[PDB]
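The chain is numbered in sequence order, starting from 1. Keep in mind that the numbers below use all heavy atoms, side chains included, and drop hydrogens, waters and symmetry copies.
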Amino acid sequence: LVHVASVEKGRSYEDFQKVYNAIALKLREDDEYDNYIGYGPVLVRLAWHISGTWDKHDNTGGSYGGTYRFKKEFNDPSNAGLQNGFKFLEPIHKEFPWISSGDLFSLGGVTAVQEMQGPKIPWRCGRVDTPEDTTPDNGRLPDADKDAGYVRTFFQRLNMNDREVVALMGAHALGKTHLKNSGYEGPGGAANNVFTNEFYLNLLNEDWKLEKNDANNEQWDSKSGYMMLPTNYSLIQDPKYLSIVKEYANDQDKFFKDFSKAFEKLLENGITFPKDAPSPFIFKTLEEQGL
Ligand code: HEM
C-alpha cells in the first residue's frame, strides 16, 4: 500500500483555519458534556484511535482513509464512547463538506489540544477517503490490563520509541475512564481539561493502591480520588520509562515539545507527502484571533 497525500481541491491555509475555528467555537459552547469536562478529552482520544490502527508492516490502517466512518471500525469494542466525539464533529462536516473525514477527525485532536492550553501541534492536510473494504479489522488497538513490555511491543507497530510512548501517554491527564465504555472508572488528575504535565507528577507523587473496581478489573487508586490504568502505572515499573516520566514531571516545556512531535508523527503515519505538498500548517487559537 502507498497512501499519497492529496490536497482538497483549491483549498489553502485560510480554509483549514475556518474549520479549526468552527471546532473551537463549538468546544467553548458545549462546555457541559461529561460533568463539565467538555468535548476536548474525547476529541484527542478519537484522533489517537483512528491513527492507532496503523501497521508499519503492510501500510494498513492509520488516519489516511477516514474509515472510522464505517460500521466495522465505528462499532469496535475499543472505540466505545467515541460516538460522542463523532456526533460533535458531524455538524462541522455539514458546514465544510469539502474536508475529508481523516483530515477532519485528526484536526479535531489538534484543535482540542491547542484550545486546552496545550502546545501548538503542526498539522498537514491531504488525507483521502478510502472505500469500506479498506477498513481495518477490530483488535489493533491496545489493551489496558497489561505491563510495560506489552506497551513497548505495541508501540513498535507504529514505530514509536520510549520517549515518544511516554510523551504520548501524558494525554491521560485529560478526561477520564468511564465504567460503561472501558470497565475502568475515574480521572487521572484534578486539572482534566487543561493540558499540563500533571499525569507525570501524579504518577510520581501519589500513594497508589491496587484495587478491583465494579467491573472486576483492577486499577490503581489514590487517596486523592484519582486513578491509573495498569498500562499507565507500567511507566514507573520500567527503568527506561521511569527516567523519562521524571524528566517530564520536572520539565513541562520538554513534555510539550516532545508531545507535539510525537502526536503529529502519530497522525501522519502511513502517509506519503509529495514535496510539492504544502508545508505543515500552525493554526492560530481563538484567543490569538480575538474570537
Ligand atoms: C497503551 C495505550 C493506551 C491505552 C491502553 C489506552 C486506554 C484508554 C482507556 C481504557 C481509556 C478510557 C475510555 C473510556 O472509558 O471512556 C482511555 C482514555 C483516554 N485516552 Fe487512552 N490509552 C492509551 C493511549 C492513549 C494515547 C496515545 C492517547 C492520546 C495521545 C490517549 C488519550 C486518551 C484520552 C485523552 C482519554 C480520555 C477520554 C475521555 O475523557 O473521554 N490514550 N484510554
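Residues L89 and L286 do not share a hydrophobic cluster, clusters being chains of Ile/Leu/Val/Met/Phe/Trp/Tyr side chains in contact below 4.5 Å. Linking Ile, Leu, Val, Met, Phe, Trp and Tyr residues whenever their side-chain heavy atoms come within less than 4.5 Å leaves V4 and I99 in two separate clusters. Cluster membership check: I92 shares its hydrophobic cluster with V42, using side-chain heavy-atom separations under 4.5 Å among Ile, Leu, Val, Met, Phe, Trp and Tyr. Transitive grouping of hydrophobic side chains (ILVMFWY, heavy atoms separated by less than 4.5 Å) keeps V19 and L291 in distinct clusters. Put simply, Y184 and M228 are part of two different groups of oily side chains (I, L, V, M, F, W, Y) that touch within less than 4.5 Å, one to the next.
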(request) Begin with the C-alpha distance, continue with both residues' side-chain angles, and end with the deciding distance and a verdict on salt bridge (charged side-chain N to carboxylate O under 4.0 Å, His left out) for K18 and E95. (result) CA-CA 10 Å; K18 292 190 214 73; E95 185 176 350; over 6 Å; no

(request) Please assess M227 against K176 for the test side chain to side chain contact (heavy atoms under 4.5 Å, CB included), listing each intermediate value before the final yes or no. (result) CA-CA 9 Å; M227 72 69 88; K176 66 188 279 293; over 6 Å; no

(request) For side chain to side chain contact (heavy atoms under 4.5 Å, CB included), just list the numbers for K240 and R152, CA-CA rounded to whole Å, side-chain angles, deciding distance to a tenth of an Å, and then say yes or no. (result) CA-CA 11 Å; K240 291 143 90 198; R152 184 165 280 110; 3.7 Å; yes

(message) For a side chain to side chain contact (heavy atoms under 4.5 Å, CB included) check, start with the C-alpha distance between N159 and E164, then their side-chain angles and the critical distance, and finish with the verdict.
(response) CA-CA 9 Å; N159 53 249; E164 280 153 10; over 6 Å; no

(request) Start with the C-alpha gap between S234 and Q237, add the side-chain angles, then the distance that decides, and say whether side chain to side chain donor-acceptor pair (under 3.5 Å) holds. (result) CA-CA 5 Å; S234 293; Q237 294 175 145; 4.5 Å; no

(request) Test side chain to side chain contact (heavy atoms under 4.5 Å, CB included) on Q289 and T285 and set out the steps. (result) CA-CA 6 Å; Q289 291 170 284; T285 59; 6.0 Å; no

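When side chains are defined from C-beta on, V166 counts as touching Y200, because their heavy atoms get closer than 4.5 Å. Between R127 and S101 there is no side-chain heavy-atom pair separated by less than 4.5 Å. Residues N193 and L174 fail the side-chain proximity criterion, which asks for heavy atoms closer than 4.5 Å. Residues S63 and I271 have side chains in contact (heavy-atom distance under 4.5 Å, counting atoms from C-beta outward). Counting heavy atoms from C-beta outward, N232 and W220 have side chains that stay 4.5 Å or more apart. By the 4.5 Å heavy-atom criterion applied to side chains, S106 and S51 are not counted as neighbours. Using a 4.5 Å heavy-atom threshold, the side chains of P119 and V113 count as touching. A 4.5 Å side-chain heavy-atom check between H49 and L82 finds at least one atom pair inside the cut-off.
No donor-acceptor pair under 3.5 Å is formed between the side chain of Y64 and the backbone N or O of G102. For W208 (side chain) and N202 (main-chain N/O), a donor-acceptor pair under 3.5 Å exists by modelled atom type. Checked by atom type and distance alone, the side chain of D129 never pairs as donor or acceptor with a backbone atom of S100 at under 3.5 Å. Within the 3.5 Å criterion, the main-chain N or O of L203 finds no donor-acceptor partner in the side chain of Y233. Using modelled atom types, no side-chain atom of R28 and backbone atom of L25 make a donor-acceptor pair closer than 3.5 Å. Under a 3.5 Å cut-off, the side chain of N213 and the backbone N or O of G183 do form a donor-acceptor pair. Of the possible donor and acceptor atoms, one in the side chain of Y150 sits under 3.5 Å from a partner among the backbone N and O of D143. Side-chain N or O atoms of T196 include one that pairs as donor or acceptor with a backbone N or O of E198 at under 3.5 Å. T53 places a side-chain N or O within 3.5 Å of a backbone atom of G62 that can act as its donor or acceptor partner. Without hydrogens or angle criteria, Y39 side chain to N84 main chain gives no donor-acceptor distance under 3.5 Å.
Using cut-offs of 30° and 60° on the angle between ring planes, the pair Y68 and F105 is perpendicular.
In this structure, NE2 on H93 lies 10.0 Å from CD1 on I23, to the nearest 0.5 angstrom. For the atom pair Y36 OH and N192 CG, the distance stands at 15.0 Å (nearest 0.5 Å). The distance from the CG atom of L235 to the OH atom of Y241 is 7.0 Å, given to the nearest 0.5 Å. From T177, atom OG1 reaches atom CD of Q219 across 6.0 Å, with rounding to the nearest 0.5 Å. If you take CZ on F256 and CG on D251, they are separated by 11.0 Å, rounding to the nearest 0.5 Å. Interatomic distance, CE of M160 versus CZ of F155, reported as 7.5 Å (0.5 Å rounding).
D58 CG: more than 12 foreign heavy atoms inside a 6.0 Å radius. Within 6.0 Å of atom NZ in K246, 12 or fewer heavy atoms from other residues, nucleotides or ligands are found, so the atom counts as exposed in its surroundings. Open room surrounds CD on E287; 12 or fewer heavy atoms of other groups in view lie less than 6.0 Å from it.
A salt bridge does not link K180 to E185: none of the charged side-chain nitrogens sits closer than 4.0 Å to a carboxylate oxygen. Comment: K223 does not engage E206 in a salt bridge, judged by the lack of any side-chain N to carboxylate O separation of less than 4.0 angstrom. With respect to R124 and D103, no salt bridge is recorded, no charged nitrogen being found less than 4.0 Å from a carboxylate O. The pair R163-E247 meets the salt-bridge criterion, since a charged nitrogen lies less than 4.0 angstrom from a carboxylate oxygen. Ion pairing between a basic and an acidic side chain is recognised when a charged N comes within 4.0 Å of a carboxylate O; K72 and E132 show no such pairing. Using a 4.0 Å cut-off between a side-chain N of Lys or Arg and a carboxylate O of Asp or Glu, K209 and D221 do not qualify as a salt bridge. No salt bridge links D76 with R140; every basic N to acidic carboxylate O contact stays at or beyond 4.0 Å.
Here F199 and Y248 keep their ring centres 6.0 angstrom or further from each other. Aromatic rings from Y33 and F88 are positioned such that their centres are separated by 6.0 Å or more. Checked against the 6.0 Å centroid criterion, the rings of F281 and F16 qualify as a close aromatic pair. Here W123 and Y20 keep their ring centres 6.0 angstrom or further from each other.
Residues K284 and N21 approach most closely at O-ND2, 4.5 Å, considering heavy atoms. Between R45 and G81, the shortest heavy-atom contact is NH1-C, 4.2 Å. In plain terms, the two heavy atoms of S6 and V128 that are nearest each other are CB-CG2, 4.0 Å. The heavy-atom pair separating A47 from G109 by the smallest distance is CB-CA, 3.8 Å. When every heavy atom of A112 is checked against every heavy atom of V44, the shortest pair comes out as CB-CG1, 3.9 Å.
Using a 3.5 Å distance cut-off with no hydrogens or angles, the side chains of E73 and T67 do pair a donor with an acceptor. Side chains of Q156 and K56: a donor on one and an acceptor on the other come within 3.5 Å. Between the side chains of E14 and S12, a donor-acceptor pair is found at a separation under 3.5 Å.
Screening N59, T272, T60 for a side-chain hydrogen bond (donor to acceptor under 3.5 Å, both in side chains) involving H3 leaves a single residue, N59.
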